[PDB]
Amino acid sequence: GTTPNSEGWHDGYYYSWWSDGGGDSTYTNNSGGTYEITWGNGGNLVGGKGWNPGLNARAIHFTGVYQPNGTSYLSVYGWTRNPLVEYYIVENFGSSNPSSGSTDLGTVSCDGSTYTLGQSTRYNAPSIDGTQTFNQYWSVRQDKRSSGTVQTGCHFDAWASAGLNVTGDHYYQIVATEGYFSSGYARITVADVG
């Protein structure tokens, strides 16, 4: 009995939950910075807790249980407007690297690991502002983990040094769990430690 799409405030944190309706799955907001997602096969879904607005430099801690059975990722995720950008700082992932179809921009060292940087463009696709064209910025951790601190400003400075624009107006900034035609479970707690 799939939880309906929702976004807004819970216990002082912003959250977003969306699915394409094809998979059975339950999204629950728990106390404080915690959320839980249980999902089956059949569709595309993404949900998590965080802040609105995001900042170019926030120190975000996360911890918990992350158990994908197939294609999935755990990342700091969010959007800017002017320009329209969807960005991903990927800390862990299942069977496939979500940035494999993007242009390689080199590496950066952040929070104890090398991260591979990338950029892609999506044309006429679903976004926070309806069907639009937007750029996607990627930073993917080489040493996968399920707990730790992410200094987002390490990634936004790396993207800026690579030529990308990072002066957009921020929308939300969450620690999101995504599943893509595969089943899984996750229970994650986030916090701002800056």
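Numbers follow the displayed sequence, beginning with 1.
Peer 1: Between 150 to 158 and 125 to 133, point out the one with the higher average CA B-factor as the PDB entry records it.
Peer 2: Per the PDB record, 125 to 133.
Peer 1: Return whichever of 48 to 56 and 141 to 149 has the greater mean Cα B factor according to the PDB record.
Peer 2: Of 141 to 149 and 48 to 56, the stretch with the higher C-alpha B-factor average is 141 to 149.
Peer 1: Split into thirds by Cα B-factor across the chain's modelled residues, where does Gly1 land: lowest, middle or highest?
Peer 2: Its C-alpha B-factor belongs to the highest third of this chain's values.
Peer 1: By the recorded C-alpha temperature factor, relative to the other modelled residues in its chain, which third is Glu178 in?
Peer 2: Bottom third by C-alpha B-factor.
Peer 1: Select lowest, middle or highest to describe the third in which the CA B-factor of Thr116 falls within its chain in this entry.
Peer 2: It falls in the top third of the chain.
Peer 1: Once the chain's modelled residues are ordered by C-alpha B factor and cut into thirds, is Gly33 in the lowest, middle or highest one?
Peer 2: Lowest third, going by the recorded CA B-factors of the chain.
Peer 1: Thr80's Cα B-factor: lowest, middle or highest third of the chain?
Peer 2: Within its chain, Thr80 is a lowest-third residue by C-alpha B-factor, going by the deposited values.
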